Amino acid sequence: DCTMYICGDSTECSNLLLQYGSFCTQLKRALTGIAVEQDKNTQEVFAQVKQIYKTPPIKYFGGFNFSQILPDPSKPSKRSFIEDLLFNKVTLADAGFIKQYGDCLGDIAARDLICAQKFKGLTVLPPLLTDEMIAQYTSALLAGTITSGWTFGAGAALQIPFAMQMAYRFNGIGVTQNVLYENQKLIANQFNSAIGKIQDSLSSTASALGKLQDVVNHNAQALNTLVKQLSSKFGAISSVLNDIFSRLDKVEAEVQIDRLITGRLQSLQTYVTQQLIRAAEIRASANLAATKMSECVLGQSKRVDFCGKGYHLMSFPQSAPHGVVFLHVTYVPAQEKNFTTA
Amino acid sequence: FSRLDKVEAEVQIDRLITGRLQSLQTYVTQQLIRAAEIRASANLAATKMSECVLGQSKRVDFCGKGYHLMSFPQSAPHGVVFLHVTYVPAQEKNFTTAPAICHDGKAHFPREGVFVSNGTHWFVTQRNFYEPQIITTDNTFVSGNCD
Amino acid sequence: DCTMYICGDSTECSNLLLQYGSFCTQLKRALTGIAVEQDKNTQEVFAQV
Amino acid sequence: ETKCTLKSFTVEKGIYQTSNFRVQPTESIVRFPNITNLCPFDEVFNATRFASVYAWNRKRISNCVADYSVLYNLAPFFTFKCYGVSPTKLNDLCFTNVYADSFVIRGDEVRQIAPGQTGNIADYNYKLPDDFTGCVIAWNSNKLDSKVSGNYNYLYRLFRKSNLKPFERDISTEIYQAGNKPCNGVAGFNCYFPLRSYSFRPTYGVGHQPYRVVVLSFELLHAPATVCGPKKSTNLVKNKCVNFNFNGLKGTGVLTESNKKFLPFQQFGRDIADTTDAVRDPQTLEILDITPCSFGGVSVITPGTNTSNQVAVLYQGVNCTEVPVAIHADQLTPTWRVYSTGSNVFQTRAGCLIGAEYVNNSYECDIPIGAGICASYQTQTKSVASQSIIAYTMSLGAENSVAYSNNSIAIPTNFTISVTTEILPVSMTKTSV
Amino acid sequence: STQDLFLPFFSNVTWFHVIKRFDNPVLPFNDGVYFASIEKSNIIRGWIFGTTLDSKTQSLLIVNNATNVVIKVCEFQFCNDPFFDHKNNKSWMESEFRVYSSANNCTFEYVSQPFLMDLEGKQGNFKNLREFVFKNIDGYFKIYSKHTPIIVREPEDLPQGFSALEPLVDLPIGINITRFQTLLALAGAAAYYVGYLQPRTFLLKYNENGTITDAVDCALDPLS
Ligand SMILES: *[C@@H]1O[C@H](CO)[C@@H](O[C@@H]2O[C@H](CO)[C@@H](O[C@H]3O[C@H](CO)[C@@H](O)[C@H](O)[C@@H]3O)[C@H](O)[C@H]2NC(C)=O)[C@H](O)[C@H]1NC(C)=O
Ligand SMILES: *[C@@H]1O[C@H](CO)[C@@H](O[C@@H]2O[C@H](CO)[C@@H](O[C@H]3O[C@H](CO)[C@@H](O)[C@H](O)[C@@H]3O)[C@H](O)[C@H]2NC(C)=O)[C@H](O)[C@H]1NC(C)=O
Ligand SMILES: *[C@@H]1O[C@H](CO)[C@@H](O[C@@H]2O[C@H](CO)[C@@H](O[C@H]3O[C@H](CO)[C@@H](O)[C@H](O)[C@@H]3O)[C@H](O)[C@H]2NC(C)=O)[C@H](O)[C@H]1NC(C)=O
Ligand SMILES: *[C@@H]1O[C@H](CO)[C@@H](O[C@@H]2O[C@H](CO)[C@@H](O[C@H]3O[C@H](CO)[C@@H](O)[C@H](O)[C@@H]3O)[C@H](O)[C@H]2NC(C)=O)[C@H](O)[C@H]1NC(C)=O
Ligand SMILES: *[C@@H]1O[C@H](CO)[C@@H](O[C@@H]2O[C@H](CO)[C@@H](O[C@H]3O[C@H](CO)[C@@H](O)[C@H](O)[C@@H]3O)[C@H](O)[C@H]2NC(C)=O)[C@H](O)[C@H]1NC(C)=O
Ligand SMILES: *[C@@H]1O[C@H](CO)[C@@H](O[C@@H]2O[C@H](CO)[C@@H](O[C@H]3O[C@H](CO)[C@@H](O)[C@H](O)[C@@H]3O)[C@H](O)[C@H]2NC(C)=O)[C@H](O)[C@H]1NC(C)=O
Ligand SMILES: *[C@@H]1O[C@H](CO[C@@H]2O[C@@H](C)[C@@H](O)[C@@H](O)[C@@H]2O)[C@@H](O[C@@H]2O[C@H](CO)[C@@H](O)[C@H](O)[C@H]2NC(C)=O)[C@H](O)[C@H]1NC(C)=O
Ligand SMILES: *[C@@H]1O[C@H](CO[C@@H]2O[C@@H](C)[C@@H](O)[C@@H](O)[C@@H]2O)[C@@H](O[C@@H]2O[C@H](CO)[C@@H](O)[C@H](O)[C@H]2NC(C)=O)[C@H](O)[C@H]1NC(C)=O
Ligand SMILES: *[C@@H]1O[C@H](CO)[C@@H](O[C@@H]2O[C@H](CO)[C@@H](O)[C@H](O)[C@H]2NC(C)=O)[C@H](O)[C@H]1NC(C)=O
Ligand SMILES: *[C@@H]1O[C@H](CO)[C@@H](O[C@@H]2O[C@H](CO)[C@@H](O)[C@H](O)[C@H]2NC(C)=O)[C@H](O)[C@H]1NC(C)=O
Ligand SMILES: *[C@@H]1O[C@H](CO)[C@@H](O)[C@H](O)[C@H]1NC(C)=O
Ligand SMILES: *[C@@H]1O[C@H](CO)[C@@H](O)[C@H](O)[C@H]1NC(C)=O
Ligand SMILES: *[C@@H]1O[C@H](CO)[C@@H](O)[C@H](O)[C@H]1NC(C)=O
Ligand SMILES: *[C@@H]1O[C@H](CO)[C@@H](O)[C@H](O)[C@H]1NC(C)=O
Ligand SMILES: *[C@@H]1O[C@H](CO)[C@@H](O)[C@H](O)[C@H]1NC(C)=O
Ligand SMILES: *[C@@H]1O[C@H](CO)[C@@H](O)[C@H](O)[C@H]1NC(C)=O
């Protein structure tokens, strides 16, 4: 609300603001433009399937153990074990949850910063796709992958046994499919051990989801700066808008107020420009994440190092606050011998 | 200028100069941000011209929903339209399948394609279209014992 | 140095600048943000081994 | 309101932002400390004599009601100039520590009493700082204190070794030297007693006759008050939106009893944005929270105008129970009260949604409300029929379990060759200015 | 974050200590002062502030006598060794008043009761710390203070910890102060400390009760 940010609860300042007019409407339209882009980014990344696949009740896949990346029905939120770790690494500020005012005022008004931003007319809006609907799309992509491989990307999902899907993968990396079936218990034990280390890493270290926490910290820092800019005097007699109208005549109060209007309006123009530049950087990441959903989850990519270090086998998507985590599975050659060749 | 002296007309005009100059600075910044967004689209459109028109791409869903065959470019005002042509598999049947055939202590695997059964007999077929073939030493290769 | 750029070697201008304050710190933080990005870009391109 | 926001007579299908709703206050409130006596102003304005300006006299005014009007109505003392306030506000405002500085000078030197001035009266015996908050008052006294034989008991310091500090006073009577040698004792060449007198005789020329000056130097608006203008305290009120004033601190908000423990020396509390968000009441010593009155964004949800004129409204971030309390018995920013009737009200996680009916069955998302809810215009006739705005939790896609088994495969017996369009921008219009 | 005259952290305060040994010296008072005494039974009783101290120009006095206070600013002629005599009230009490011989042109006076109460209930050797800050700024002399009853350190001094001085009083005295001095009783075992304020950006932490609970002196070291 440019009016409540510039002219905080003042009638006569609001009438001086109208001499600029359209300048606030550009800000409102630009921030609405960013807000619709966030939903579009999330649709491009996660809504890559027009059907919601469920995994069958017999949870056997040739000995590969997806039970920690699939949904657990016992939890009230239908996220996986690894998604329920990721949701604890990224400490959010305000998912747009409605404030029933009694939670804004009283004890919490002494220390909570979200209510303090709201009282300056800065509001965080909720995403169209809730974290349960992102968990459902992520479950559909994963249930499709483990029951049908790349086929649900190119047409209707066609079932295949998971060990025969892994054989098709092995041929994809130029290793003949007998090398899977002759080693299947080892390949499964290696995969099950490698998934075990994802939980151990994410349960143990803080310095992992920094790429997502930085996005939250940038928005929190930019709004805290924009609240703090209300303290700026901009060469006026005071910051406090009331203490100008309470101490001057309408002829030179208009000089003291027009400074605060000019400086605060420039502070919003700076925030909207800084938000558009980040929204362009986040979009570029969403376009990459949608491309990795298509080429690493819905398919097998022969692109070197695009789907993780090695030769790409399969990838599994997991939701995270404001992001996506890909668990890429890669064949890496391990014990070489020297031979003579011709 | 029709109502003031050069001494305070300069105060009334400098406001209009400051406000209008800030309006252009806002337009140029807003144009540079869009031009960066349009560029990113042109870099993608050139990449699709190279990988979907000048070639066939094995990248999943890059050249439209399906398996990519061919694409045809068409011009449009300020843009490009790609008509992507895609093979999409249409009428599936359930079959029983197996990873290998055991014949004579030796285990056999498909050279290309997959083993299938209609319920009584066994065949090799290519993976993406049902065209069954009798299982032979030309359709398959050997590795190891069946156990 | 916003102080040095705006108020070039002036004491009293520097005290008038503080009435804006945070406005210079946004500039310093933004240019530091670009500077760390240049090293990251160079690591992503060349440090692939 | 959407037609005016968009500047169009036709509005396309969508959800649109419009002007934020804001609850207006139901009453004004004023609080001042209950000081009942009119201040001892006349105890200086009509009194024996004023001090010599080298030794100007300072009086502290406190625990009393200022009324500038009744004094100016009595007093022959026909002048004003203010620096930190307008004179028109002095009746409205209130003050912390108030000192009247009282002295006498020549009518032409009156200009030197303004802040930032210079000349020996301002340099060597009375100085105001550049940030002086107050006013200067002056009047001719020749009718009362000028004498034809002279009234030389008015004195001023003509000489000093350096310019004095703001609000310093100097009564030292040691000799001064303009000659470079030590003129010790009572006199010397080019060396002086530092105090002189004024030739105040009634037959003098204009601006040399005596002016009695008072400078009022009040502190205001950020410390516990002791002198107020003559307006009357109202009752206090809580949990309602009001135009409050405490000690001159005007603002619109809802007052509430607080557990913020202001220490005895404090009077106001402030937030990170440098604004007062609590204030102890000057009559009964409790701390009150100040919160801005209930407000939020208003989004209007419409089918295309050429499809229909019926629309729904989202009060974003607002608890639904607040909107029936937002009933237009008082003013609100949106004047269109009619949506308050409700009956089809739904609390979405994004805000209170009114005029759209919530239905249990899902659809593809037509207009996005937020937090999984979407709205659409359709014939709600599951069981005569009519179109209305419905609201629903969006479908993600068709439900489809996969027939996976540890030895089953599906293989396509036929194919479709499909052609799909994709559209990409390549350029935008070049522009020059 | 605030810029004011504050005592720089880890700065050399000058340390004075009575016993038959006494130290009543005149000290400079440039920009303003932090003064503290670690004290029992009231030996320190107040201060003189001025520029000449011999009635050729005014000077300030603050005293806490037996049952009350005086605060006055005047053309005093101060006694060159100002003190009171009590010897722990052994056989006689307040009698002589060695502070000034004369008090000519006076321009403010104030009187109250017995300033600054002791700790309640006592404990074994349990002394108390009195802390003050004095500023002089465009005619106003501003006094801030604190009291903290705290366990005695023995070879050490001025104990480790943090606490903030509340504002006490504002006197509209209008005079140049350049020097200052302290008033004592005639044996005791009081010690006192003097530090000088300087302009310095301090970053202050307020807890949820709104007491200042920690601070950073932004010029102290690179980490600060
Ligand atoms: C797939 O990998 C899973 C993770 O290693 C593994 O789950 C773990 O299985 C063990 C053995 O059943 C459980 O051990 C617990 O069993 C009961 C549970 O009530 C307790 O009484 C025991 O004291 C013991 O704690 C683990 O709790 C369980 N972990 C999780 C996260 O569920 C699966 O068993 C693996 N599946 C296959 C087919 O190997
Ligand atoms: C699975 O697919 C099989 C191959 O298409 C099919 O077997 C074939 O069935 C036909 C009859 O429908 C046989 O025709 C033969 O009929 C007699 C057999 O004695 C001969 O006189 C004829 O000359 C002719 O050979 C095919 O020979 C027979 N193929 C084989 C390899 O036996 C099965 O019927 C299909 N099974 C199911 C369950 O659908
Ligand atoms: C407050 O009182 C101060 C002392 O009374 C006074 O400072 C005094 O200023 C004079 C003139 O600047 C100095 O006179 C000497 O100046 C230099 C050496 O400082 C010599 O070259 C001269 O010949 C002469 O001796 C005093 O030395 C100086 N005293 C002190 C203690 O600073 C302030 O100016 C007064 N301030 C105000 C605002 O009234
Ligand atoms: C593979 O899919 C093809 C459709 O994409 C399908 O072609 C369709 O075949 C049917 C007959 O099976 C035709 O139906 C019409 O046939 C004649 C008129 O030509 C009439 O007697 C019928 O009433 C009916 O109108 C479709 O017209 C025809 N479609 C096309 C585009 O040719 C193939 O038959 C499928 N092949 C396999 C092996 O499944
Ligand atoms: C502590 O010392 C104070 C001064 O050092 C002293 O104040 C003195 O109190 C007496 C009695 O009230 C005053 O005496 C005068 O009182 C009125 C004045 O109009 C007359 O009726 C008397 O005849 C007499 O002139 C002193 O003037 C006053 N001194 C000052 C400078 O304030 C306190 O009484 C002392 N208290 C204790 C407990 O020792
Ligand atoms: C802010 O001020 C608060 C009010 O003084 C203060 O709360 C008080 O804290 C003490 C210490 O925790 C409590 O002491 C009691 O604690 C429990 C019972 O709660 C007993 O076991 C103890 O024996 C002792 O009696 C006070 O009860 C508590 N007062 C209230 C009204 O809750 C806060 O601690 C202060 N905040 C900070 C950061 O210091
Ligand atoms: C592959 O061979 C290199 C060196 O060539 C070999 O030299 C002989 C020792 C013998 O192994 C021949 O058959 C080969 O022609 C190995 O490199 C050496 O590695 C050791 C440590 O393992 C090191 O001490 C030597 O300095 C290396 N020498 C050189 C010239 O590089 C290499 O380790 C062999 N690879 C593997 C997988 O064993
Ligand atoms: C592939 O098979 C599944 C289920 O297994 C089959 O069950 C028998 C009926 C028989 O067909 C066996 O040879 C298979 O083992 C089919 O799924 C069923 O589909 C129908 C609708 O067509 C539905 O009513 C059932 O509830 C489904 N049952 C299950 C367990 O999913 C599937 O349709 C078959 N695929 C094709 C292309 O026909
Ligand atoms: C809107 O606010 C009302 C309060 O005015 C909320 O009602 C409270 O709900 C809680 C939890 O059930 C109860 O403990 C309180 O007693 C209720 N208070 C009253 C006075 O009704 C209501 O839940 C809020 N609605 C939303 C969606 O947050
Ligand atoms: C400072 O005080 C002295 C003494 O009270 C004053 O000197 C006397 O002033 C009166 C009134 O003008 C004269 O009648 C006496 O003759 C003076 N006595 C002496 C010995 O000089 C002096 O005027 C005062 N100064 C100020 C600035 O108030
Ligand atoms: C002025 O004050 C005197 C007392 O000093 C009083 O008697 C007189 O009536 C007053 N005159 C006016 C004009 O108020
Ligand atoms: C106001 O003053 C009257 C009398 O002076 C007193 O009785 C009353 O208590 C005062 N009001 C308050 C709130 O103390
Ligand atoms: C809108 O509806 C009117 C009829 O009410 C019709 O004439 C017009 O062509 C429609 N326009 C569009 C773009 O649908
Ligand atoms: C939705 O269905 C439930 C029963 O499952 C019913 O109680 C409820 O009234 C329906 N929702 C609405 C909005 O009426
Ligand atoms: C599938 O086969 C495995 C043996 O590999 C067996 O353990 C499991 O019970 C079987 N399940 C079904 C549904 O056929
Ligand atoms: C404190 O005083 C000592 C001399 O006793 C000196 O060595 C030291 O450098 C001084 N430190 C500061 C910060 O003034």
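Residues numbered from 1 in each chain as written, not as in the entry; some residues may be left out. Chains lettered and ligands numbered in written order. Part of a larger assembly, values for the part shown. Heavy atoms only, no water.

- As documented in the archive entry, the model was determined using cryo-EM at 3.1 Å resolution.

**Some remarks on a nonpolar patch on the surface**
Okay, so step 1: A grouping of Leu 24, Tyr 27, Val 28 and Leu 32 of chain B together with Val 433 of chain D is seen on the molecular surface, where their side chains present a nonpolar patch of about 500 Å² in accessible area.
Okay, so step 2: Here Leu 32 of chain B lies in helix α1 (residues 6–53).
Okay, so step 3: Overall, the relative accessible area of 57% leaves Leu 32 of chain B in the exposed class. (Patch = residues over 30% accessible without salt bridge, like charges linked within 9 Å, V, L, I, M, F, W, Y side chains within 5 Å. Areas by Shrake-Rupley, 256 points an atom, 1.4 Å probe, with all protein chains shown as cover. Salt bridge = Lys/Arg side-chain N within 4 Å of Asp/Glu carboxyl O. Helix = DSSP H or I, 4+ residues; strand = E, 2+ residues; numbered from the N terminus. Buried < 20%, exposed > 50% of the residue type's maximum accessible area, 1.4 Å probe, protein only.)

**Concerning the environment of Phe 162 of chain E**
Residue and element names in this part refer to chain E.
Okay, so step 1: Assignment of secondary structure puts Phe 162 in the loop between β10 (140–149) and β11 (166–171).
Okay, so step 2: A residue is classified by how much of its surface remains accessible, and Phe 162, at 39% relative accessible area, is partly exposed.
Okay, so step 3: With sequence-adjacent residues up to four places away left out, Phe 162 is seen in contact with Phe 9, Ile 212, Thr 213, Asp 214 and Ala 215. (Contact = heavy atoms within 4.5 Å.)

**Details of the interface of chain A and chain C**
Okay, so step 1: Taken together, the contacts link 10 residues of chain A with eight residues of chain C.
Okay, so step 2: Carbon and sulfur atoms supply 47% of the area buried between chain A and chain C, which totals about 860 Å² over both sides.
Okay, so step 3: Three residues, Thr 225, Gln 229 and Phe 234 of chain A, lead the burial of chain A against chain C; their summed loss comes to 40% of the area buried on that side.
Okay, so step 4: Applying the counting criterion to the chain A and chain C interface returns zero salt bridges.
Okay, so step 5: Viewed at the interface, chain C and chain A are joined by four residue pairs in polar contact.
Okay, so step 6: Taken together, the elements giving at least two residues each to the side of chain A that touches chain C come down to α12 (210–228) and α14 (250–297) of chain A.
Okay, so step 7: For the side of chain A that touches chain C, the element with the most residues is α14 of chain A, which contributes three residues.
Okay, so step 8: For the side of chain A that touches chain C, the residue count by class is one nonpolar, seven polar and two charged. (Buried area = accessible area lost by both parts, 1.4 Å probe. Polar contact = N/O pair within 3.5 Å; in protein donor to acceptor, adjacent residues only side chain to side chain. Nonpolar A, V, L, I, M, F, W, Y, C, P; charged D, E, K, R; others polar.)

**Regarding the site of ligand 12**
Okay, so step 1: In the vicinity of ligand 12, the residues found are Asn 34, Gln 283 and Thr 284 of chain D.
Okay, so step 2: Between ligand 12 and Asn 34 of chain D, the relevant distance is 2.3 Å, taken from an oxygen atom to a side-chain nitrogen or oxygen of the residue. (Near = heavy atom within 4 Å.)

**Side note on the packing of α14 of chain A against α1 of chain B**
Okay, so step 1: Relative orientation of the contacting elements α14 of chain A and α1 of chain B amounts to 10°, with a least axis distance of 10 Å. If you check the angle between α14 of chain A and α1 of chain B, you find them roughly parallel. Of the residues in α1 of chain B, those touching α14 of chain A at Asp 258, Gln 266, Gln 269, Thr 273, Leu 276, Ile 277, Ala 280 and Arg 283 of chain A are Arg 15, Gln 22, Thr 26, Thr 29, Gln 30, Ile 33 and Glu 37 of chain B.
Okay, so step 2: Grouping the constituent residues of the contact of α14 of chain A with α1 of chain B by class yields four nonpolar, seven polar and four charged. (Axes fitted to C-alpha atoms, helices over the stretch in contact; angles between N-to-C directions. Parallel < 35°, antiparallel > 145°, perpendicular 65-115°, else oblique.)

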